[PDB]
């Protein structure tokens, strides 16, 4: 229907802006495999009872077999992702998945990535692919096809330092007359992100302000928000004094904020600075704090309740 409408519907459904990050590393997979075998696959057996696992399109036969040795890594990697989604999805307004974690093993991880997006799409849960794509317009069309046609993602992240015009070939497809949403990197959770995003300037404005400004110019040029799509901003949770300014200077803009949890922020200051009455425009991404926690559903609910309490106090 459009990412804007889809986000706004689900926010009424579950009343949160929590964005769960699903970034499984190699140690998450082996710990999951060892724990399932020592506990008689209690989580995997629960996955196979879930409805939508019968609708994934890649190696469905292998995935539904009860515990083909070369497929062992594919099996537990994919089932670990189902486990996290099954355990925590009721608290998630959005799921964000970083492309880097699904490529380091070659094609096998892309098949897992495809199944994860198929799974979330049948749950009708909004998705974000954190791929931070950037290239010339001819080349970036390949990224658009992978993100929005193959995976059927709702959105992705973009690094427009090479030029804002790349958004014309990411957020718009003239041949299908289709519109897509994206989050451009504005201020990032790197400790040394300032050297370029702060200390560079044009007309006594810091680079992140000018980059956010240029991003919205492209958004209006492509008429995304008339098609219920948008171009948003990635603003790190630790950047409290740029967050305010983004919300103040650009009201009604969508912000994706990572850095709470594994990178050690303060949730109240982040959410209040980026707050908006439509709080789907202030997505709080929490990944490793949930996915590496021993009781993931318990962890998701903890951050779910904390976010709602800070919303009420707004």
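Residue numbers count along the first chain shown, from 1.
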{"query": "Third-or-more of other entries without residue 38", "finding": "no"}
{"query": "At least a third of the other entries leave residue 28 unmodelled", "finding": "no"}
{"query": "Entry-level comparison of average CA B-factors, 56 to 64 and 261 to 269, reporting the higher stretch", "finding": "261 to 269"}
{"query": "Residue stretch of maximal mean CA temperature factor, 204 to 212 vs 150 to 158", "finding": "204 to 212"}
{"query": "Residue selected from 135, 241, 229, 169 by maximal Cα B factor", "finding": "241"}
{"query": "Maximum C-alpha temperature factor, selected from 223, 181, 94, 78", "finding": "223"}
{"query": "Assigned third (lowest, middle, highest) for the C-alpha B factor of residue 256", "finding": "lowest"}
{"query": "B-factor third for the C-alpha atom of residue 219 within its chain", "finding": "middle"}
{"query": "Lowest, middle or highest third - CA B-factor, residue 48", "finding": "middle"}
{"query": "Third of the chain's Cα B-factor distribution that residue 84 belongs to, per the entry", "finding": "lowest"}
{"query": "Third of the chain's Cα B-factor distribution that residue 194 belongs to, per the entry", "finding": "highest"}
